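Before any questions on how it binds or moves, here is one chain, the form deposited in one PDB entry, in structure tokens.
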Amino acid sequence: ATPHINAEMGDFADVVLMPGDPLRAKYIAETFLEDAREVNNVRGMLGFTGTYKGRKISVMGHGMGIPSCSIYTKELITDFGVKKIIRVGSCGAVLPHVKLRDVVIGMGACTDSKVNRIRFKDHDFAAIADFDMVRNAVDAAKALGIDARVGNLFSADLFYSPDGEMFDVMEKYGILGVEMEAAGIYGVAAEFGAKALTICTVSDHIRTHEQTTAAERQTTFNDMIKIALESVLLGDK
């Protein structure tokens, strides 16, 4: 066991899907995985392990923010033999052409966190996903008839930022989605020699706003999970 995961080596698959919302883990397990078994409950961060088309997959929420997801992803990698982490979540958009419910794949993640500067002697660490994982997700999306955008996310420490002007800067430099985890997950992946990818669906436009329905949201969430799961199978080849 580790400080935040009451489990033993072997309880997790070598691939873990991670939503921020812990309630989604059980949903994913019941909706997409066969023969799922409970493998963690510490702090209510429920974790499950089962199979998707015969392939062992685990799912466990990561909580909000870089510090939270950094804890879970580190423990998974160092103590549970996890090789790949796929964060599946939502993001806010700043680009006019990026629309609600679009699927965005973070090949890179900008951040205003200090965690990577702490790792990288106060220089600029480019927080990046594993390239094959990115391409697997793009290909899996295309096979499902979904076109996904690939580029930079911005991983914010403050959901409520006092710096209103930063959204304009994000937009100028082509940021596709704003969330709060990717750069931290990518940093941990590099630190401990594993691979990661963050996929998000656009839940908000920080410009236009203009909302959606619960059924549309569930459909889109399901699409994202299908993409993530099918992408793993392509990665296995």
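Residues that one form lacks are left out of the comparison. From 1 onward, residues are counted along the sequence shown. So that the term is clear: the rigid core is the largest set of C-alpha atoms that superpose within 1.5 Å between two forms.
There is another form of the same protein, the form deposited in another entry; it is not shown, and what comes next is about it.
Enquirer: With the two forms superposed on the core, which of 51, 31, 212, 41 shows a CA shift of 2 angstroms or more between the shown form and the other one?
Expert: Single residue meeting the criterion: 212.
Enquirer: Out of closer and farther, which fits the Cα atoms of residue 215 and residue 145 in that other deposited form compared with this form, where the change is 3 Å or more?
Expert: Farther, not closer.
Enquirer: Where do residue 50 and residue 219 end up in that other deposited form, Cα atoms closer or farther than shown, with a change of 3 Å or more?
Expert: Relative to the shown form, the pair is closer.
Enquirer: Sticking with residues common to both forms, list the runs of three or more in a row where every CA moves 2 angstroms or more between the shown form and the other one, core superposed.
Expert: In sequence order there is one run that relocates between the shown form and the other one, which is 209-220.
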